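Undergrad: Pasting a structure here, questions to come.
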Amino acid sequence: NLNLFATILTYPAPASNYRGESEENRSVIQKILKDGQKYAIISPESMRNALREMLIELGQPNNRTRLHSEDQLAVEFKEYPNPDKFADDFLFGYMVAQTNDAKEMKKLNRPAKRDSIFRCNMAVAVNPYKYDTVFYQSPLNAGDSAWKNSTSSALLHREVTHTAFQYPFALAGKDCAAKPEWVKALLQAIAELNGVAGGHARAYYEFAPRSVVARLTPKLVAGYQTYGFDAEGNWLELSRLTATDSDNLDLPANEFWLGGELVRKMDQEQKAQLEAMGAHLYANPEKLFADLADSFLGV
Amino acid sequence: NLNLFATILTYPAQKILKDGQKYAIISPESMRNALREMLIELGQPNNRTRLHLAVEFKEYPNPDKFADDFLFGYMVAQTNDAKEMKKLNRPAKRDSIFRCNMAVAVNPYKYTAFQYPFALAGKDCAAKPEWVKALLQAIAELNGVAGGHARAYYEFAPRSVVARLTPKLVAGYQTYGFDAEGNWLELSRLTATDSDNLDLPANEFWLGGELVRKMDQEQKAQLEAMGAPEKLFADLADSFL
Amino acid sequence: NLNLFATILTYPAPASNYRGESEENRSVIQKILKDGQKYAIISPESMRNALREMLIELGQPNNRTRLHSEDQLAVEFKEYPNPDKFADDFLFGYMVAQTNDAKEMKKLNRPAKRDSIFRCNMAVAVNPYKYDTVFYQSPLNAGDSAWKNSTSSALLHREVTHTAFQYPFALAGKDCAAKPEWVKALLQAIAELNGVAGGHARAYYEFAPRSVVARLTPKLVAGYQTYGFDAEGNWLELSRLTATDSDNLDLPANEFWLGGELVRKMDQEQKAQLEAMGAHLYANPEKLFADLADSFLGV
């Protein structure tokens with residue numbers, strides 16, 4: 001079997017994703033700090049929901065569909081999760097945390113367990129500063145209105161940041177019946193990955209990937225330094241030449257795949273030099289995703 | 001998908017240095033208010049037609065008529081007459097048809113151009129006739145005045161030549177390429193040859209903001225892209241629709 | 001006979017391992033505090049189970065296989081542990097704490113005891129701060145589903161930390177019939193050692209080793225300061241030149257093995273100088289593990 005895992009980054013653009021809501025007066029952004037600096041935003045399960053939403057446009061069955069009618073958030077389910085009957089939200093038949101009986105383990109032998117077949121982690125930014133606001137205001141209708149919102153007009157300040165942040169993920173999965181087309185669709189859909197982290201009609205943003213690198217696809221799990229390339233500069237080529245050197249005499253290497261952004265602006269003679277095994281170079285992420293899916297899937 | 005990506009436009013002709021090189025000036029909310037009154041000028045009376053001295057109140061926004069009151073026909077109050085669930089069925093819904101972002105200045109601050117990223121991705125939601133009659137007349141012209149309290153209004157023809165991208169859904173065609181003095185938003189992306197490599201573009205060419213505004217060897221570009229000048233921007237949206 | 005023992009550490013990456021579960025509202029991580037600071041996480045038995053799980057993929061016999069069918073946690077066994085018949089979960093035939101008789105000591109003279117032939121200790125982090133959350137929510141289905149989960153939607157926040165933590169271990173064992181192959185497989189498996197602290201589809205982490213150091217293989221056990229090299233910097237080189245100095249005139253020393261992360265970045269003249277006995281320098285930990293296993297195993 002083969003296991004693959006990759007890392008991407010996105011284009012730089014101003015963004016604002018309120019996530020904490022510690023107080024109503026002001027919206028907070030920061031999540032975690034390291035080495036005395038505050039960097040990261042965005043939780044992985046938000047991206048999981050984004051993938052769930054995006055998988056619908058490719059024509060696959062679904063069960064957990066979000067509905068917005070009642071005041072509290074709600075997601076409706078189908079009759080019962082079935083990993084083999086359909087996509088089952090990508091083989092995600094989850095637990096039944098109740099003792100109401102009627103479990104399919106009595107009838108359909110369903111063990112109330114999933115097929116995760118995936119993995120990911122939270123994104124981290126590359127710039128620390130988060131002390132900028134917009135300082136706008138909210139008005140009041142006061143026009144003989146039948147409904148009142150807050151009976152006041154006030155001033156509020158949001159929080160903004162101009163930073164591009166990276167994203168690691170690992171799959172390391174295996175294929176079965178009717179699985180390969182689903183996993184190929186997932187690999188196709190992960191390329192675009194827009195409309196992430198909830199709705200944003202005033203702070204437009206996207207997860208368009210540039211300089212994507214996938215590591216050690218044929219061999220077993222040997223991942224290391226997933227958060228390597230940062231500081232708006234390439235860093236996996238120096239790691240490639242140092243760790244698992246290009247030459248196969250002293251330090252052997254393994255098949256690699258490189259994104260288009262890294263090779264877009266770098267020495268052509270360096271491209272010729274970096275041909276010990278040839279590696280895999282491409283100009284756009286979509287083509288390399290297609291080729292990697294074809295190679296890893298075995299078909 | 002049947003949605004068009006961002007169409008950044010610039011005017012080559014107040015946070016100060018948010019980072020060490022750039023900053024943000026215009027909030028995203030201002031232009032929406034400016035676009036509100038421009039809608040009225042085009043003979044499209046809306047519901048929330050507040051004079052903005054006096055803010056008025058029309059009936060409940062139960063019908064999603066006149067661009068759904070510009071995409072904010074919601075109510076959040078406690079009762080709202082049982083939240084209008086009797087026979088109206090409008091539970092704080094919010095259409096997402098027009099999306100924008102902050103406009104920044106390319107020129108560093110000294111102790112005049114700006115960019116407006118767009119997002120008109122509406123697929124079948126914006127393709128219905130009740131919105132077809134509106135978008136081609138309320139958004140295509142895109143020629144108005146912003147601000148109003150102070151002399152700050154800039155809507156200029158030069159924009160990136162981008163059209164409907166059906167085979168590939170919304171995906172980054174770069175962002176914030178000023179090209180006021182660089183003229184490189186193409187990023188050497190031409191589909192002159194497709195068998196070997198560099199098959200990136202999909203014939204997005206049109207009469208952009210630098211045909212006669214800049215002299216070069218662009219004559220071969222239209223001989224290569226075959227894509228589909230100030231007023232002609234509104235034509236492309238109408239031509240495809 | 002020779003006795004080996006080594007220490008490793010991993011790459012820095014955000015991680016979360018809920019281990020306390022004091023209350024349902026929040027999940028706690030911290031385990032122990034020292035010198036007024038709260039550092040360490042993770043228990044040795046987690047790594048023991050991880051090694052047990054990963055020994056299966058290398059083609060070895062097993063008895064204790066975990067199964068998730070009944071509500072309580074369950075692991076099933078074979079007929080009876082046998083240290084010599086097969087791997088016996090790496091010579092781990094444990095006690096029979098019952099007076100039911102039928103013990104093999106009556107028939108096969110099995111003493112109901114083990115061959116542990118191993119030892120380890122809990123990992124300890126290097127950064128104390130733990131005061132950040134993510135503040136996510138759990139929704140309610142309420143979609144005319146036949147089964148209800150909690151009949152409510154709640155708001156709950158996790159706990160995360162960005163730290164890289166080390167790991168000491170000691171073997172100090174001896175080989176017997178059919179044992180060298182099993183111990184070589186164990187040394188091969190300890191290199192990757194992923195999937196620790198159970199599955200994690202939201203907090204991806206791994207134990208890829210960098211700057212692994214092995215100490216005092218030939219002579220009797222004389223380990224000292226196992227948790228030594230910390231503060232994101234090498235500290236065993238100054239200890240090497242001070243304690244058991246490289247020169248063999250005043251303070252005699254012993255054969256050492258140094259990982260790739262340390263030798264990746266120091267002065268080349270420093271590498272040349274540290275050649276009194278030559279020591280043993282390698283660029284990747286896997287080659288070091290292979291060579292050390294070959295040398296210590298005697299074959």
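Residue numbering restarts at 1 in every chain; chains get A, B, ... in the order shown in the structure tokens, and ligands count up from 1 in that same order.
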Near residue 40 of chain C, within 9 Å and counting only C-alpha atoms, which residues show up once chain neighbours fewer than 3 positions away are dropped, as number ranges by chain?

TA: C: 30-34, 122-128, 165

Undergrad: Could you list, as a list in words, every residue within 10 Å of residue 9 of chain B, counting only C-alpha atoms and ignoring same-chain residues fewer than 3 positions away?

TA: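 Near neighbours after the sequence-gap exclusion: residues 6, 12, 113, 114, 115, 116, 117, 118, 155, 156, 157, 158, 159, 160, 161, 176, 177, 178, 208 and 209 of chain B.
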
Undergrad: Can I get the selection written as a PDB file, in the first residue's frame, with N, CA and C atoms?

TA:
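Now in part-v9.pdb:
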ATOM      1  N   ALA B   6     -13.388  36.935  -9.752  1.00  0.00           N
ATOM      2  CA  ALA B   6     -13.174  38.341  -9.443  1.00  0.00           C
ATOM      3  C   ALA B   6     -12.766  39.124 -10.682  1.00  0.00           C
ATOM      4  N   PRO B  12      -5.768  54.119 -12.326  1.00  0.00           N
ATOM      5  CA  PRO B  12      -4.380  54.611 -12.342  1.00  0.00           C
ATOM      6  C   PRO B  12      -4.267  56.124 -12.318  1.00  0.00           C
ATOM      7  N   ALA B 113      -4.619  55.164  -6.810  1.00  0.00           N
ATOM      8  CA  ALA B 113      -5.366  54.058  -7.383  1.00  0.00           C
ATOM      9  C   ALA B 113      -5.902  53.140  -6.290  1.00  0.00           C
ATOM     10  N   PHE B 114      -6.930  52.373  -6.646  1.00  0.00           N
ATOM     11  CA  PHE B 114      -7.531  51.414  -5.732  1.00  0.00           C
ATOM     12  C   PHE B 114      -8.025  50.219  -6.532  1.00  0.00           C
ATOM     13  N   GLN B 115      -8.222  49.102  -5.837  1.00  0.00           N
ATOM     14  CA  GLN B 115      -8.687  47.867  -6.452  1.00  0.00           C
ATOM     15  C   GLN B 115      -9.959  47.394  -5.765  1.00  0.00           C
ATOM     16  N   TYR B 116     -10.927  46.948  -6.565  1.00  0.00           N
ATOM     17  CA  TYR B 116     -12.196  46.422  -6.067  1.00  0.00           C
ATOM     18  C   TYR B 116     -12.336  44.977  -6.527  1.00  0.00           C
ATOM     19  N   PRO B 117     -11.918  44.008  -5.717  1.00  0.00           N
ATOM     20  CA  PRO B 117     -12.226  42.610  -6.037  1.00  0.00           C
ATOM     21  C   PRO B 117     -13.727  42.368  -6.003  1.00  0.00           C
ATOM     22  N   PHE B 118     -14.195  41.522  -6.915  1.00  0.00           N
ATOM     23  CA  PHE B 118     -15.611  41.229  -7.061  1.00  0.00           C
ATOM     24  C   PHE B 118     -15.872  39.747  -6.830  1.00  0.00           C
ATOM     25  N   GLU B 155     -14.646  55.332 -10.113  1.00  0.00           N
ATOM     26  CA  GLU B 155     -15.062  54.107 -10.797  1.00  0.00           C
ATOM     27  C   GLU B 155     -14.489  54.187 -12.209  1.00  0.00           C
ATOM     28  N   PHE B 156     -13.430  53.425 -12.466  1.00  0.00           N
ATOM     29  CA  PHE B 156     -12.610  53.608 -13.653  1.00  0.00           C
ATOM     30  C   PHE B 156     -12.624  52.346 -14.505  1.00  0.00           C
ATOM     31  N   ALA B 157     -12.490  52.542 -15.822  1.00  0.00           N
ATOM     32  CA  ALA B 157     -12.685  51.438 -16.763  1.00  0.00           C
ATOM     33  C   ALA B 157     -11.637  50.335 -16.644  1.00  0.00           C
ATOM     34  N   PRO B 158     -10.309  50.626 -16.566  1.00  0.00           N
ATOM     35  CA  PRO B 158      -9.316  49.538 -16.549  1.00  0.00           C
ATOM     36  C   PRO B 158      -9.599  48.421 -15.558  1.00  0.00           C
ATOM     37  N   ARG B 159      -9.819  47.217 -16.085  1.00  0.00           N
ATOM     38  CA  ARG B 159     -10.082  46.037 -15.277  1.00  0.00           C
ATOM     39  C   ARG B 159      -9.457  44.821 -15.944  1.00  0.00           C
ATOM     40  N   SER B 160      -9.265  43.771 -15.150  1.00  0.00           N
ATOM     41  CA  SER B 160      -8.716  42.527 -15.670  1.00  0.00           C
ATOM     42  C   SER B 160      -9.698  41.883 -16.640  1.00  0.00           C
ATOM     43  N   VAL B 161      -9.181  41.396 -17.767  1.00  0.00           N
ATOM     44  CA  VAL B 161     -10.025  40.751 -18.767  1.00  0.00           C
ATOM     45  C   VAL B 161     -10.287  39.309 -18.345  1.00  0.00           C
ATOM     46  N   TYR B 176      -5.070  41.450  -6.508  1.00  0.00           N
ATOM     47  CA  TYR B 176      -4.450  42.743  -6.217  1.00  0.00           C
ATOM     48  C   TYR B 176      -3.204  42.979  -7.068  1.00  0.00           C
ATOM     49  N   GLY B 177      -3.339  42.742  -8.370  1.00  0.00           N
ATOM     50  CA  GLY B 177      -2.304  43.124  -9.308  1.00  0.00           C
ATOM     51  C   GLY B 177      -2.554  44.520  -9.841  1.00  0.00           C
ATOM     52  N   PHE B 178      -1.872  45.514  -9.266  1.00  0.00           N
ATOM     53  CA  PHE B 178      -2.151  46.904  -9.618  1.00  0.00           C
ATOM     54  C   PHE B 178      -1.818  47.183 -11.079  1.00  0.00           C
ATOM     55  N   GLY B 208      -9.268  45.454 -22.700  1.00  0.00           N
ATOM     56  CA  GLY B 208      -8.961  45.807 -21.332  1.00  0.00           C
ATOM     57  C   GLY B 208      -8.627  47.276 -21.163  1.00  0.00           C
ATOM     58  N   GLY B 209      -8.007  47.573 -20.026  1.00  0.00           N
ATOM     59  CA  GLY B 209      -7.659  48.919 -19.632  1.00  0.00           C
ATOM     60  C   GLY B 209      -6.325  49.434 -20.125  1.00  0.00           C
TER      61      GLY B 209
END

Undergrad: If we count only C-alpha atoms, what is near residue 88 of chain B at a cut-off of 12 Å, once residues fewer than 5 positions away on the same chain are taken out, given as a count of residues only?

TA: 10

Undergrad: Based on only C-alpha atoms, which of the residues in chain C come within 7 Å of chain A? I want them as a ChimeraX atom specification.

TA: /C:11,69,132-135,139-143,145-146,149,162,192,201-204,208

Undergrad: Tell me, counting only C-alpha atoms, for each residue of chain B within 9 Å of chain A, which pair of atoms is nearest and how far apart they are in Å to one decimal, in rows ordered by chain and increasing number, as a Markdown table.

TA:
| residue | atom | partner | partner_atom | distance |
| --- | --- | --- | --- | --- |
| B:14 | CA | A:134 | CA | 8.5 |
| B:15 | CA | A:132 | CA | 7.9 |
| B:18 | CA | A:132 | CA | 6.8 |
| B:19 | CA | A:162 | CA | 7.7 |
| B:23 | CA | A:162 | CA | 8.8 |
| B:24 | CA | A:14 | CA | 8.7 |
| B:25 | CA | A:134 | CA | 8.8 |
| B:26 | CA | A:134 | CA | 9.0 |
| B:27 | CA | A:134 | CA | 6.9 |
| B:28 | CA | A:202 | CA | 5.8 |
| B:29 | CA | A:202 | CA | 7.2 |
| B:50 | CA | A:141 | CA | 8.3 |
| B:54 | CA | A:143 | CA | 7.7 |
| B:55 | CA | A:141 | CA | 5.4 |
| B:56 | CA | A:143 | CA | 4.3 |
| B:57 | CA | A:143 | CA | 4.9 |
| B:58 | CA | A:145 | CA | 7.8 |
| B:59 | CA | A:146 | CA | 8.4 |
| B:60 | CA | A:146 | CA | 8.4 |
| B:75 | CA | A:149 | CA | 7.9 |
| B:76 | CA | A:149 | CA | 6.8 |
| B:77 | CA | A:149 | CA | 5.4 |
| B:78 | CA | A:149 | CA | 8.6 |
| B:79 | CA | A:147 | CA | 8.5 |
| B:80 | CA | A:147 | CA | 6.2 |
| B:81 | CA | A:147 | CA | 8.7 |
| B:89 | CA | A:69 | CA | 9.0 |
| B:90 | CA | A:69 | CA | 8.7 |
| B:91 | CA | A:69 | CA | 5.9 |
| B:92 | CA | A:69 | CA | 8.3 |
| B:93 | CA | A:68 | CA | 8.1 |
| B:96 | CA | A:201 | CA | 7.0 |
| B:97 | CA | A:201 | CA | 8.8 |
| B:98 | CA | A:201 | CA | 7.5 |
| B:99 | CA | A:201 | CA | 4.8 |
| B:100 | CA | A:202 | CA | 5.8 |
| B:101 | CA | A:203 | CA | 5.0 |
| B:102 | CA | A:203 | CA | 7.2 |
| B:117 | CA | A:204 | CA | 8.0 |
| B:118 | CA | A:204 | CA | 8.3 |
| B:119 | CA | A:204 | CA | 8.0 |
| B:168 | CA | A:192 | CA | 8.7 |
| B:169 | CA | A:192 | CA | 7.4 |
| B:170 | CA | A:192 | CA | 7.1 |
| B:171 | CA | A:192 | CA | 5.8 |
| B:172 | CA | A:208 | CA | 5.3 |
| B:173 | CA | A:208 | CA | 8.9 |
| B:174 | CA | A:11 | CA | 7.4 |
| B:175 | CA | A:13 | CA | 7.6 |
| B:176 | CA | A:13 | CA | 8.2 |
| B:197 | CA | A:283 | CA | 7.9 |
| B:198 | CA | A:283 | CA | 7.1 |
| B:200 | CA | A:284 | CA | 7.7 |

Undergrad: Would you mind writing down, as a ChimeraX atom specification, each residue of segment 29-256 of chain C that DSSP on the backbone assigns to strand (DSSP E)?

TA: /C:32-34,37-40,65-67,74-76,119-120,136-138,154-156,161-163,166-170,209-215

Undergrad: Work out how far apart atom CA of residue 154 of chain B and atom CA of residue 94 of chain B are and give it in Å to one decimal.

TA: 28.6 Å

Undergrad: Please identify which residues in segment 47-223 of chain A DSSP calls helix (DSSP H, G or I) from the backbone, and express them as a PyMOL selection string.

TA: chain A and resi 47-58+88-91+104-107+179-192

Undergrad: Since we have the selection now, will you write its residues out, keeping N, CA and C atoms, as a JSON list (two decimals), in the first residue's frame?

TA:
[["chain", "number", "residue", "atom", "x", "y", "z"],
["A", 47, "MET", "N", -12.93, 23.53, 8.05],
["A", 47, "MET", "CA", -12.57, 23.05, 6.72],
["A", 47, "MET", "C", -13.23, 21.71, 6.41],
["A", 48, "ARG", "N", -13.44, 20.87, 7.43],
["A", 48, "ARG", "CA", -14.20, 19.64, 7.21],
["A", 48, "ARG", "C", -15.62, 19.95, 6.74],
["A", 49, "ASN", "N", -16.27, 20.91, 7.39],
["A", 49, "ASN", "CA", -17.60, 21.32, 6.94],
["A", 49, "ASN", "C", -17.55, 21.91, 5.54],
["A", 50, "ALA", "N", -16.48, 22.65, 5.23],
["A", 50, "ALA", "CA", -16.32, 23.20, 3.89],
["A", 50, "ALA", "C", -16.24, 22.10, 2.84],
["A", 51, "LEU", "N", -15.47, 21.04, 3.13],
["A", 51, "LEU", "CA", -15.41, 19.90, 2.22],
["A", 51, "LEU", "C", -16.77, 19.23, 2.09],
["A", 52, "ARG", "N", -17.49, 19.09, 3.21],
["A", 52, "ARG", "CA", -18.82, 18.49, 3.16],
["A", 52, "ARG", "C", -19.74, 19.29, 2.24],
["A", 53, "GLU", "N", -19.71, 20.62, 2.35],
["A", 53, "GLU", "CA", -20.52, 21.46, 1.48],
["A", 53, "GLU", "C", -20.08, 21.35, 0.03],
["A", 54, "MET", "N", -18.77, 21.33, -0.22],
["A", 54, "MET", "CA", -18.26, 21.32, -1.59],
["A", 54, "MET", "C", -18.54, 20.01, -2.29],
["A", 55, "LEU", "N", -18.59, 18.90, -1.55],
["A", 55, "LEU", "CA", -18.81, 17.60, -2.17],
["A", 55, "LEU", "C", -20.18, 17.49, -2.83],
["A", 56, "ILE", "N", -21.13, 18.35, -2.45],
["A", 56, "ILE", "CA", -22.47, 18.27, -3.02],
["A", 56, "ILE", "C", -22.47, 18.67, -4.49],
["A", 57, "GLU", "N", -21.67, 19.68, -4.84],
["A", 57, "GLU", "CA", -21.67, 20.18, -6.21],
["A", 57, "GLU", "C", -21.12, 19.18, -7.21],
["A", 58, "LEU", "N", -20.41, 18.15, -6.75],
["A", 58, "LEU", "CA", -19.86, 17.14, -7.64],
["A", 58, "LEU", "C", -20.79, 15.95, -7.85],
["A", 88, "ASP", "N", -22.28, 8.29, 2.04],
["A", 88, "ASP", "CA", -22.38, 8.38, 3.49],
["A", 88, "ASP", "C", -21.52, 9.52, 4.03],
["A", 89, "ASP", "N", -21.58, 10.67, 3.36],
["A", 89, "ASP", "CA", -20.74, 11.82, 3.67],
["A", 89, "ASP", "C", -19.27, 11.42, 3.69],
["A", 90, "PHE", "N", -18.86, 10.73, 2.62],
["A", 90, "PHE", "CA", -17.50, 10.20, 2.49],
["A", 90, "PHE", "C", -17.20, 9.21, 3.62],
["A", 91, "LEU", "N", -17.99, 8.13, 3.65],
["A", 91, "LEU", "CA", -17.78, 7.02, 4.57],
["A", 91, "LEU", "C", -17.70, 7.49, 6.02],
["A", 104, "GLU", "N", -28.52, -0.78, 14.07],
["A", 104, "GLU", "CA", -28.38, -1.72, 12.96],
["A", 104, "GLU", "C", -27.43, -2.86, 13.28],
["A", 105, "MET", "N", -26.62, -2.74, 14.34],
["A", 105, "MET", "CA", -25.79, -3.87, 14.75],
["A", 105, "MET", "C", -26.64, -5.08, 15.10],
["A", 106, "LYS", "N", -27.89, -4.85, 15.52],
["A", 106, "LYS", "CA", -28.82, -5.96, 15.69],
["A", 106, "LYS", "C", -29.27, -6.52, 14.35],
["A", 107, "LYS", "N", -29.44, -5.66, 13.34],
["A", 107, "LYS", "CA", -30.02, -6.06, 12.07],
["A", 107, "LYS", "C", -29.02, -5.99, 10.91],
["A", 179, "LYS", "N", -14.93, 3.00, -3.98],
["A", 179, "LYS", "CA", -14.17, 4.04, -3.31],
["A", 179, "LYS", "C", -13.33, 4.90, -4.26],
["A", 180, "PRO", "N", -12.61, 4.32, -5.24],
["A", 180, "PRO", "CA", -11.66, 5.14, -6.02],
["A", 180, "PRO", "C", -12.27, 6.36, -6.68],
["A", 181, "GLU", "N", -13.48, 6.27, -7.24],
["A", 181, "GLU", "CA", -14.07, 7.45, -7.84],
["A", 181, "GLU", "C", -14.40, 8.50, -6.79],
["A", 182, "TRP", "N", -14.85, 8.07, -5.61],
["A", 182, "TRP", "CA", -15.12, 9.02, -4.53],
["A", 182, "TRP", "C", -13.85, 9.72, -4.08],
["A", 183, "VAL", "N", -12.75, 8.98, -3.91],
["A", 183, "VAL", "CA", -11.51, 9.61, -3.47],
["A", 183, "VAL", "C", -10.95, 10.51, -4.56],
["A", 184, "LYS", "N", -11.12, 10.14, -5.84],
["A", 184, "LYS", "CA", -10.70, 11.02, -6.92],
["A", 184, "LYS", "C", -11.52, 12.30, -6.93],
["A", 185, "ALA", "N", -12.82, 12.20, -6.67],
["A", 185, "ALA", "CA", -13.65, 13.39, -6.56],
["A", 185, "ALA", "C", -13.21, 14.27, -5.40],
["A", 186, "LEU", "N", -12.85, 13.65, -4.27],
["A", 186, "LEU", "CA", -12.36, 14.41, -3.13],
["A", 186, "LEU", "C", -11.07, 15.14, -3.46],
["A", 187, "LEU", "N", -10.15, 14.46, -4.15],
["A", 187, "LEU", "CA", -8.90, 15.11, -4.55],
["A", 187, "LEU", "C", -9.15, 16.23, -5.54],
["A", 188, "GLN", "N", -10.12, 16.06, -6.44],
["A", 188, "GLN", "CA", -10.48, 17.14, -7.35],
["A", 188, "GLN", "C", -11.06, 18.32, -6.60],
["A", 189, "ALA", "N", -11.91, 18.06, -5.60],
["A", 189, "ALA", "CA", -12.59, 19.13, -4.89],
["A", 189, "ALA", "C", -11.67, 19.89, -3.95],
["A", 190, "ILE", "N", -10.67, 19.21, -3.37],
["A", 190, "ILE", "CA", -9.77, 19.89, -2.44],
["A", 190, "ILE", "C", -8.94, 20.95, -3.15],
["A", 191, "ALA", "N", -8.84, 20.89, -4.48],
["A", 191, "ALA", "CA", -8.05, 21.87, -5.21],
["A", 191, "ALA", "C", -8.63, 23.28, -5.08],
["A", 192, "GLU", "N", -9.95, 23.41, -5.22],
["A", 192, "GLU", "CA", -10.55, 24.75, -5.20],
["A", 192, "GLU", "C", -10.75, 25.24, -3.77]]

Undergrad: Near segment 123-131 of chain B, counting only C-alpha atoms, which residues have an atom at most 10 Å away, once you skip same-chain residues fewer than 4 positions from it, shown as a PyMOL selection string?

TA: chain B and resi 1-4+64-68+95-98+135-136+241

Undergrad: May I have the residues within 6 Å of segment 140-146 of chain B as number ranges by chain, using only C-alpha atoms and disregarding those fewer than 5 positions away in the same chain?

TA: B: 34, 153, 234
